[PDB]
Amino acid sequence: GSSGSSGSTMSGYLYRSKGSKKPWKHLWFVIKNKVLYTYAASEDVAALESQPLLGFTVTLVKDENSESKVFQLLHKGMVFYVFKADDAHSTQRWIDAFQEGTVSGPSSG
């Protein structure tokens, strides 16, 4: 329960990695139709890749660079790729953004 609503679920440059000690990758990402699309530039003409968050998972990682500003994209239980967010606040967003992506929301009403 925070932030208004004006734009896509989440969109911002992040750093992809296959784990620690691995080289980061500056790429653009977006969340649409509950799918994690890949990009290169904000003003891109087409997504580099597209991967649905159906069955996937997310979790916070200790990491060395950050303490709680970087997460990992789990898939079936195994880490698919790493992701670093600007600040902690952001991370949480991406996290919940990735968490609420695989799920469909809790039971209400």
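If you use the entry's author numbering, the sequence shown closes out at 109, no skipped numbers anywhere. Just so it is clear, CB atoms sit at the ideal spot from N, CA and C, and this is done for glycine as well.
Under the three-state DSSP convention, the category residue 57 falls into: In the sequence shown, residue 57 corresponds to position 57, counting from 1. Of the three classes helix, strand and coil, the one that applies to residue 57 here is strand, per DSSP.
Beta carbon of residue 61 nearer than 8 Å to that of residue 98: Position 61 of the sequence shown, counted from the start, is the residue given in the question as residue 61. Position 98 of the sequence shown, counted from the start, is the residue given in the question as residue 98. No, the pair does not count as a contact, with Cβ atoms beyond the cut-off.
Span of the beta strand (DSSP E), counted from its first residue to its last, around residue 94: As a position in the sequence shown, residue 94 is number 94, starting the count at 1. Residue 94 -> not in any beta strand (DSSP E); alpha helix (DSSP H) instead, spanning 88–102.
Residue 2 versus 32, 92, 105, 107, residue with shortest Cα-Cα distance: In the sequence shown, the residue the question calls residue 2 occupies position 2. Closest option to residue 2, Cα to Cα, is 92.
Beta bridge counterpart(s) of residue 38 as assigned by DSSP: The sequence position of residue 38 within the sequence shown is 38, counting from 1. Residue 38 pairs with 29, 49.
Residue 24 to residue 109 span [Cα, whole Å]: On the sequence shown, residue 24 is found 24 positions in, with the first residue counted as 1. On the sequence shown, residue 109 is found 109 positions in, with the first residue counted as 1. One C-alpha to the other measures close to 43 Å.
Bridge partner(s) assigned by DSSP for residue 78: Reading the sequence shown from its first residue, position 78 is the one you call residue 78. For residue 78, which the question treats as bridged, DSSP gives the partners 75.
Residue range of the unbroken beta strand (DSSP E) whose run includes residue 12: Here the question's residue 12 lines up with position 12 in the sequence shown. Where residue 12 is concerned, the enclosing beta strand (DSSP E) stretches over 11–17.
Among 68, 65, 13, 78, nearest to residue 36 - alpha-carbon criterion: Position 36 of the sequence shown, counting from 1, holds the residue named residue 36. It is 13 whose Cα lies nearest to the Cα of residue 36.
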